[PDB]
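Read off the chains here:
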Amino acid sequence: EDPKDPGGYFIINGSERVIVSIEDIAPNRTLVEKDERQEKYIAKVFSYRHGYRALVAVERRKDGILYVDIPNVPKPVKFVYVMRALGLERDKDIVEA
Amino acid sequence: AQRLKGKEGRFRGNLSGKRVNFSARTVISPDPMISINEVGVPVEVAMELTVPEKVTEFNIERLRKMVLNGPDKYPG
Amino acid sequence: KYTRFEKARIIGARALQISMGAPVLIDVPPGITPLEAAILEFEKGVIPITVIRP
Amino acid sequence: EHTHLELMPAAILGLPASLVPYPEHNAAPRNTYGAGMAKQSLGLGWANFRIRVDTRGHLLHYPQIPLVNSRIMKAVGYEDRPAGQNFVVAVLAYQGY
Amino acid sequence: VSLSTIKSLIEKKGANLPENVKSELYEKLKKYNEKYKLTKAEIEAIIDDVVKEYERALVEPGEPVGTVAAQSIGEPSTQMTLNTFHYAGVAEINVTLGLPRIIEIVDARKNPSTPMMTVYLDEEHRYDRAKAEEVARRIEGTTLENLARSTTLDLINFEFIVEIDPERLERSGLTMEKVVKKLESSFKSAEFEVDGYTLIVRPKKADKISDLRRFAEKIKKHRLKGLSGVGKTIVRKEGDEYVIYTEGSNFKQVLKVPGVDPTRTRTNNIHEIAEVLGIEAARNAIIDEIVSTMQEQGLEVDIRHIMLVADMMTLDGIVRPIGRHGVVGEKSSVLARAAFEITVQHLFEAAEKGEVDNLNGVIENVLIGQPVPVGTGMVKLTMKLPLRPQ
Amino acid sequence: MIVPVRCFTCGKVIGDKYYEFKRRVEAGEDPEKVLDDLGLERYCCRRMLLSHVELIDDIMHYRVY
Amino acid sequence: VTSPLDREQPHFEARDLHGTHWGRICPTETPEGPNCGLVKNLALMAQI
Amino acid sequence: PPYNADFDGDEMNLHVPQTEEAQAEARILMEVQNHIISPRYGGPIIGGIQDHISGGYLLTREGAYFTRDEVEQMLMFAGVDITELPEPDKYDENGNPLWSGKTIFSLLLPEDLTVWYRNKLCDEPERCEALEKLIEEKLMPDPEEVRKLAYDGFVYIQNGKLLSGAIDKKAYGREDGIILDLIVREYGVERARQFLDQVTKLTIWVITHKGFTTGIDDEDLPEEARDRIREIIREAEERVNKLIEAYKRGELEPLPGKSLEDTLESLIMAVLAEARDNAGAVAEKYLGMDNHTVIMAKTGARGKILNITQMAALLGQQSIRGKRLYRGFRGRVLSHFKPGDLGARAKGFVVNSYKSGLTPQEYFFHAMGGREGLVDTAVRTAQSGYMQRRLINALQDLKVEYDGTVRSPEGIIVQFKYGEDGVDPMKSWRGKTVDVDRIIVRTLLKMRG
Amino acid sequence: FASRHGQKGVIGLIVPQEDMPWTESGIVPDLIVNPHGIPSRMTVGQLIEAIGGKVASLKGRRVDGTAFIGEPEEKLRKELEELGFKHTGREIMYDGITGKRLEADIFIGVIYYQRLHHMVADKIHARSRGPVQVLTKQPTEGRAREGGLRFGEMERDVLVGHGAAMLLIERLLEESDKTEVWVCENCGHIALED
Amino acid sequence: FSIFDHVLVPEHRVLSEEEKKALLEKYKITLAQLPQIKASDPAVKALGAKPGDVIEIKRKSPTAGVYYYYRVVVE
RNA sequence: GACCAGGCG
Ligand SMILES: [Mg+2]
Ligand SMILES: [Zn+2]
Ligand SMILES: [Zn+2]
């Protein structure tokens with residue numbers, strides 16, 4: 001071996017392989033933005049658990065009602081509807097939360 | 001359906017453009033001592049590409065001389 | 001009076017004719033390729049081919 | 001008012017882009033071209049090229065150390081595996097060639 | 001030598017020349033004769049030389065002139081530059097330029113990204129600033145938020161309050177009370193909160209419990225004091241004449257405003273020009289737009305290449321794009337359209353219709369392998385056989 | 001690999017005076033005076049000795065038979 | 001260091017240099033073709 | 001130029017026709033000398049490039065003189081058929097005959113040529129006016145009178161003799177050449193090819209042996225120029241803080257276009273651009289024509305004045321998409337500046353030259369500015385090629401019939417006469433259908449002599 | 001060949017030693033570069049490096065050029081002036097053919113240069129006849145397997161624009177796949193030969 | 001105001017029957033070869049021409065001072 | 001033969 005060799009690569013079937021670094025997005029942060037095609041104030045997050053990536057977005061529109069988008073759920077169910085699915089049905093609970 | 005569409009389909013891939021037989025490719029270098037309508041050709045390429053010719057009464061001598069040189073001397 | 005397309009077509013036709021057995025109408029130095037013979041014939045003004053124009 | 005002190009401004013450059021001497025006197029595209037082109041020159045790559053089995057390889061017969069160089073290249077070990085030679089260059093317009 | 005002699009000589013020796021050449025020759029001959037004395041022989045020789053030079057400059061029949069024009073338009077675009085200053089000055093209107101503009105023009109976009117108009121003024125109001133300003137006030141459409149100094153919501157009381165800068169409200173032609181006067185006849189019954197500077201927007205839906213801003217924005221976005229579409233107005237001076245630039249296009253309504261010169265008013269929208277003035281104006285508009293856009297970038301392209309494209313685009317009496325849903329979609333040959341885009345759809349449509357391809361084009365003959373009819377493949381020649389070496 | 005026999009530009013033989021220069025410059029002498037003493041006047045020759053690497057000694061460890 | 005975006009699209013915002021790249025990404029070493037901007041190299045002071 | 005090729009690694013393909021018809025078509029229709037004039041704008045495309053202009057300027061400048069051996073050697077090298085040297089022009093010490101550059105250059109022009117115009121080297125227009133007046137009053141002036149009033153800014157050829165002016169890009173350069181354009185339209189392609197070959201080889205010989213080089217001392221300004229540049233930059237930077245503070249305390253009438261901030265940005269940018277131009281003016285003034293870089297730039301051979309003023313003066317403001325640098329941390333581009341800063345040097349301005357070096361912040365700003373050119377050259381070509389593909393696929397089948405009309409394959413008439421006068425743009429006189437004044441002048445000169 | 005300042009090129013001509021010019025101090029150039037390439041690229045660092053390299057070779061010690069901390073230019077120029085040469089870096093040379101000195105002083109120095117691995121011996125290629133694709137019976141692809149060049153669509157458009165129809169017929173059909181097919185005239189289908 | 005006053009509009013004119021026949025014979029074409037114009041166009045609306053007639057257009061151009069373009073009215 | 005990755009103009 002050459003002493004100048006720094007190392008850090010694999011040997012697969014007699015060939016030398018190196019793994020590059022992917023510049024992904026933050027794994028759990030919340031990012032807000034705004035598009036001009038509507039007045040939507042979209043805030044989207046990526047959620048990671050055991051290698052599974054899920055995209056969740058909550059936003060408003062011209063109606064002024066908050067809507068939520070969930071994977072495998074095509075329709076944007078309203079915000080209060082999805083909040084009451086998790087409990088805390090009383091109207092005080094939502095505002096307190 | 002995929003064989004007929006795209007940049008590698010049967011229309012834009014083979015019918016409109018196709019690979020040709022007599023061609024060559026190499027790097028270029030400047031040469032200001034030749035006239036504008038001439039080009040320099042390496043002797044390696046000139047001995048590979050061929051131009052068919054029909055023997056007549058005004059070029060029989062040159063053709064017969066060329067044939068004798070075989071495929072390894074330059075004029076041949 | 002010939003358009004350059006007509007001139008090129010006539011020269012090509014005569015050059016093809018010469019290389020198949022047609023006799024040359026003018027004396028030519030030996031070793032000349034048939035295309036050059038056709039060109040010489042054209043500039044000497046002895047080409048017999050004519051073009052029909054609508 | 002200050003809260004921190006920069007260690008060495010010359011180290012913000014990458015590894016190949018640090019080879020160019022006097023890099024602040026050139027246009028940016030030329031520096032980019034030089035940095036990219038520094039990864040293709042011929043020279044003594046590794047000491048064990050004789051035993052090493054590779055599909056392709058190159059070797060320069062008489063490599064030399066640059067006369068004008070940055071102090072980073074000495075530290076990173078580039079001087080022990082150089083690539084390139086020093087020429088006596090005259091800026092003159094010759095006969096077209 | 002008299003001028004009538006020159007005129008008669010021109011009219012009898014160069015009668016085949018175009019009119020512009022025939023006039024330029026007379027002008028230049030007069031100019032040169034008024035300072036050097038000229039004899040008749042020189043005039044005759046000059047006319048002969050001009051005639052010969054024009055004769056030798058004609059186009060050879062069979063020339064592939066469409067491909068040359070297409071290449072001469074496409075190739076310079078690869079060296080296009082962009083500046084995009086984005087200056088806040090009203091004098092410099094933010095308008096898209098360069099390759100995107102060429103793409104918009106050629107593709108025949110239904111509505112441009114930055115619509116704009118050039119409005120000239122009549123003999124009156126032409127050389128004055130205040131009259132131009134008030135004319136521009138007439139053109140410009142004004143909504144409530146434009147004149148408003150500032151606004152404030154009252155979600156607690158479910159009402160809206162508007163405050164307006166007097167310098168705009170009093171100069172806007174209409175006044176504070178006229179807004180309520182018009183709103184009494186339009187929309188719904190307003191709250192009639194006329195208090196000069198202070199205006200209260202409390203629509204009927206904006207009751208004490210809910211439904212605020214359901215109509216408050218609609219009242220605030222009421223169309224008054226100017227034409228629709230136009231959202232800005234700018235006054236400029238170019239030499240001895242004032243001109244007006246605007247944002248948005250309302251050509252049909254704009255041509256009706258008093259004091260606006262209609263003989264020179266134009267817009268950058270092609271379809272509107274076609275609908276108002278016909279196809280022959282759209283052709284000239286396309287030519288002028290392309291020429292100006294190409295010239296502003298420093299390049300140089302001959303007019304004869306642009307004329308062919310302009311004529312081809314308007315062959316059916318309506319402006320249509322150059323592409324999949326335009327000129328290329330009107331070709332009779334099935335293979336010529338199929339080789340371009342969406343091959344399978346075209347093939348199945350032709351199979352259904354029982355279409356017939358006559359192989360009268362260029363691409364199809366290339367596909368088959370038989371000679372094309374474009375250039376050399378057009379001529380035909382004959383030979384007299386009994387020839388002997390002279 | 002090893003010191004070139006002759007200077008590239010002018011052909012002067014300098015291949016036999018590298019070790020003396022290296023030793024005398026490692027002994028603390030002034031490099032300019034050493035080069036002047038060795039007789040190398042034109043800088044085209046000084047460039048050869050001043051910028052050489054002895055890469056032969058660390059590649060003999062690998063033998064190919 | 002490589003980005004997961006698609007190469008063909010322009011991506012005007014992604015290919016531009018950023019102020020936060022100072023000391024973390026080399027500002028001059030990048031490919032020349034369509035890969036420009038989307039492939040970058042770590043600086044010398046960078047520490048993961 | 002027509003190939004757009006450069007010798008830095010380029011490659012090209014070569015094809016060989018096989019049938020006699022193909023050879024005849026290539027020989028008659030595709031010859032190089034048949035495509036000197038570009039069909040896009042009716043001007044020369046093949047011509048001199050780089051050294052072919054600098055050598056011509058060195059040969060035909062004022063005060064150039066050559067000995068016997070140089071003249072004989074250059075004439076033999078160019079290939080000119082000559083068997084007797086002309087009369088010497090002036091005698092050096094010890095009676096050595098000397099020939100001028102114009103006399104040597106005149107041996108390549110045809111015998112009956114005559115033309116005059118003004119080239120790029122025009123600095124004082126009050127001296128060309130006298131020459132134009134002299135030409136106007138008497139159509140064939142006495143050569144001594146013209147030689148007494150010679151000037152490098154006014155080219156004048158009389159009966160094949162170069163009487164005044166100097167070679168420039170307007171002589172035989174691409175898209176500007178005048179002599180080449182006249183030659184190709186009055187004598188034929190073959191004469192143009194012969195002239196091109198001879199002039200190129202002669203200029204190459206001239207530049208090879210006289211010596212031509214550039215060095216580091218070509219951007220050395222005197223102290224007073226640096227002081228003036230420093231004062232200009234100082235006042236330009238000072239008159240921006242006042243605008244910033246004015247905006248900070250209201251007291252600023254916004255332009256009607258956008259909000260106050262955009263007007264402030266536009267004013268700052270205008271001030272900075274004017275500052276850069278003013279600073280470049282003095283750098284242009286203090287560098288004479290003796291410098292080789294100025295010779296190489298002012299004759300159109302290579303480069304432009306912007307490169308000179310960037311190398312010998314401040315680089316100037318950098319920008320992306322027409323606006324100042326704003327990407328970075330919240331309120332500041334770099335971590336080394338206080339948040340919420342709108343100063344000139346805190347958002348892109350560079351007050352240094354390439355010779356004097358750049359500070360690290362200016363280096364980062366320069367790289368940020370320079371990335372835009374690379375990304376634009378990477379991005380534009382795709383849509384440019386797509387548009388060209390659509391255009392070439394739409395307008396392919398239009399021929400020109402024997403009647404002069406352009407017809408679609410089905411038979412629909414598109415134009416009743418190609419263009420509007422039936423004139424080929426390639427054969428036109430720079431777009432014009434025919435150049436009347438040139439014909440009038442040449443005929444009058446031919447007869448009145 | 002290419003330096004590290006972004007200047008690249010190819011060898012144009014190889015010259016015998018006796019034809020090259022020589023400086024009056026006894027130096028013969030090892031390389032010649034055109035002065036037209038300097039102003040457009042604005043690579044002043046190359047000139048700085050040339051001066052620094054000549055100074056370093058004269059002094060017998062290497063020169064530091066580490067970014068913003070390296071030795072300033074004026075110091076190098078003053079040192080070069082001290083060593084006996086001219087501060088501008090110019091010298092006087094004699095023409096290698098005629099034998100007399102040129103009219104202008106010539107910049108000359110020492111510059112580091114690199115040899116890239118894009119050699120011409122790996123790019124030359126020529127084909128007359130060879131293997132063909134099985135499916136379409138057209139020439140193969142690649143230098144490694146005796147392939148042929150591709151005649152793309154814009155080449156066809158260029159040939160059309162020139163107007164050479166017979167050239168198109170020769171290039172696109174004669175030098176590529178070509179065959180004879182029996183066609184039934186009555187019904188239009190392709191006939192069968194036994 | 002008439003649209004013919006606008007600088008972007010060249011004057012139109014309706015051809016008589018004999019002129020139509022002469023033009024049709026001169027170029028050896030049928031009536032389907034000419035460029036078309038819609039019957040609801042403002043210019044033909046001002047002219048008041050029915051479908052089937054041919055309109056002559058006098059155009060002022062930079063290359064040639066005057067040049068004639070012909071169109072056929074189609075509904 | 002088709003894919004993937006990296007380079008050249
Ligand atoms: Mg190149
Ligand atoms: Zn030596
Ligand atoms: Zn059958």
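Residues numbered from 1 in each chain as written, not as in the entry; some residues may be left out. Chains lettered and ligands numbered in written order. Part of a larger assembly, values for the part shown. Heavy atoms only, no water.

- For this coordinate set, the PDB header names cryo-EM as the determination method and states a resolution of 3.45 Å.

### Looking at the overall build of chain I
- The secondary structure content of chain I amounts to five helices and eight strands.
- Helices and strands in chain I line up, N terminus first, as β-β-α-α-β-α-β-β-β-β-β-α-α.
- In terms of overall size, chain I is more extended than a compact globule, its C-alpha atoms giving a radius of gyration of 30 Å where 194 residues would be expected to give roughly 16 Å.
- Expressed along its principal axes, the backbone C-alpha trace of chain I runs to roughly 100 × 45 × 30 Å.
- Of all 194 residues assigned to chain I, the portion counted as buried reaches 48%.
- Excluding contacts between residues fewer than 6 apart, the proportion of contacts in chain I whose partners are at least 24 apart in sequence is 48%.
- When the accessible surface of chain I is summed, it comes to about 10,100 Å², and 53% of that surface belongs to carbon and sulfur atoms.
- Charge centroids of chain I, computed over 25 positive and 30 negative side chains, lie 6 Å from each other. (Helix = DSSP H or I, 4+ residues; strand = E, 2+ residues; numbered from the N terminus. Rg over C-alpha atoms; globule rule 2.2 N^0.38 Å. Buried < 20%, exposed > 50% of the residue type's maximum accessible area, 1.4 Å probe, protein only. Contact = heavy atoms within 4.5 Å. Areas by Shrake-Rupley, 256 points an atom, 1.4 Å probe, with all protein chains shown as cover. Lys, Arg positive; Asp, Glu negative; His and termini not counted. Charge placed at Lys NZ, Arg CZ, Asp CG, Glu CD.)

### Some details on the interface of chain A and chain D
- Facing the six residues of chain A at the interface are seven residues of chain D.
- Contact with chain D buries surface across chain A, with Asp2(A), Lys4(A) and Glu16(A) losing the most and accounting together for 83% of the total.
- If you look at where chain A meets chain D, you find three salt bridges.
- When the residues that make up the side of chain A that touches chain D are grouped by side-chain class, the tally is one nonpolar, no polar and five charged. (Buried area = accessible area lost by both parts, 1.4 Å probe. Salt bridge = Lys/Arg side-chain N within 4 Å of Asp/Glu carboxyl O. Nonpolar A, V, L, I, M, F, W, Y, C, P; charged D, E, K, R; others polar.)

### Overview of the coordination of the zinc ion (ligand 3)
- Taken together, the protein ligands of the zinc ion (ligand 3) are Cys184(I) (SG) and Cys187(I) (SG), with distances of 2.3 Å.
- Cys184(I) gets classed as partly exposed once you look at its relative accessible area, which sits at 29%. (Donors = N, O, S within 2.8 Å, 3.2 Å for Na, K, Ca; no water.)

### Re the interface of chain H and chain E
- Taken together, the contact between chain H and chain E spans 67 residues of the former and 84 residues of the latter.
- Summed over both partners, the interface of chain H with chain E buries about 7,200 Å², with 62% contributed by carbon and sulfur atoms.
- Here chain H is connected to chain E by seven salt bridges.
- Here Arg304(E) makes a salt bridge to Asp421(H), at a shortest N to O gap of 3.0 Å.
- Here chain H and chain E share 24 residue pairs in polar contact between them.
- Tallying contributions element by element places helix α14 (residues 360-394) of chain H first for the side of chain H that touches chain E, with twelve residues. (Polar contact = N/O pair within 3.5 Å; in protein donor to acceptor, adjacent residues only side chain to side chain.)

### Here's the deal with the protein's contact with RNA strand K
- Contacts to RNA strand K come from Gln40(D), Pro31(G), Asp6(H), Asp8(H), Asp10(H), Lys8(I) and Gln133(I).
- Expressed as a percentage, the sugar and phosphate content of the atoms of RNA strand K within 4 Å of the protein is 100%.
- One of the side-chain nitrogen or oxygen atoms of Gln40(D) is found 3.5 Å away from a phosphate oxygen of RNA strand K.
- Here a phosphate oxygen of RNA strand K and a side-chain polar atom of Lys8(I) are 2.8 Å apart. (Near = heavy atom within 4 Å.)

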